[PDB]
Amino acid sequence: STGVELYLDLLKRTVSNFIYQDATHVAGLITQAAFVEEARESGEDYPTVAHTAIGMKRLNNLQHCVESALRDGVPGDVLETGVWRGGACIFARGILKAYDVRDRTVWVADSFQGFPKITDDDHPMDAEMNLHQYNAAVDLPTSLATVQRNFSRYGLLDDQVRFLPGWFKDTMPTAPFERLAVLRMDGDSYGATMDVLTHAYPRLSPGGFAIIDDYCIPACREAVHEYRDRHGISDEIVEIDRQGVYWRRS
């Protein structure tokens, strides 16, 4: 292992807290608080302390996508839509740091207040789930100041990290990036997924990667297929674990 490989390996173990192995919140299918290795490996629990919930397999995928973009010269920035405590974006900034990339930015997009209240404008699948009801139960609302604090703890808060605070329907249409190499979608709902596919995906470079964290959620999957059908996109959907998928844009 090289210095770069050791750093990024440790960074994944740290943002997912394989190091200290924090308890999970009890919610959904998780009925016990105990840390379970298999659950954290595949991002299936609700960490009380860890900076990301996506798990090792999805962290490895993020690494693969960013490294492939760098290797193949795919132009553009990295955007995550739905960041919680910021761990996946911290890792993305770390990847760029490890390779001394100074001309790409990590865009950190969130409401910074959890899921929105449902209204009559919402998709029926989103309204039925009503993910807003779980905001407190899994400690979802996390302020911009707290996320910035978290970046600083790893020594990774700098001018190649830019924040996009607000609802995706407000922030995405005129977000000030020109091109993306990796677009990581992690907002759970039909609405959040469709917001970002509509308004950010057209800026994803050929050869860039589109990651859908929440493909196991029917509402998210619905938006993915509606959007792909609308635009005639047939790029192979590849599974990462039991929840997430990605495709590479041809």
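In this text, residue numbers run from 1 along the sequence as written.
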| Is the mean CA B factor in the deposited entry higher across 156-164 or across 85-93? | 156-164
| said: If you average the CA temperature factors as listed in the entry, which stretch comes out higher, 115-123 or 166-174? | reply: 115-123
| request: Going by the CA temperature factor in the entry, name the top one among 61, 68, 52, 193. | output: 68
| message | Is residue 200 in the lowest, middle or highest third of its chain when residues are ranked by C-alpha B-factor? | response | lowest
| field | Lowest, middle or highest third - CA B-factor, residue 4 | value | highest
| field | Position of residue 217 among the chain's modelled residues by C-alpha B-factor, lowest, middle or highest third | value | middle
| Third of the chain's Cα B-factor distribution that residue 128 belongs to, per the entry | highest
| Mind checking which third residue 234 falls in for C-alpha B-factor across the chain? | highest
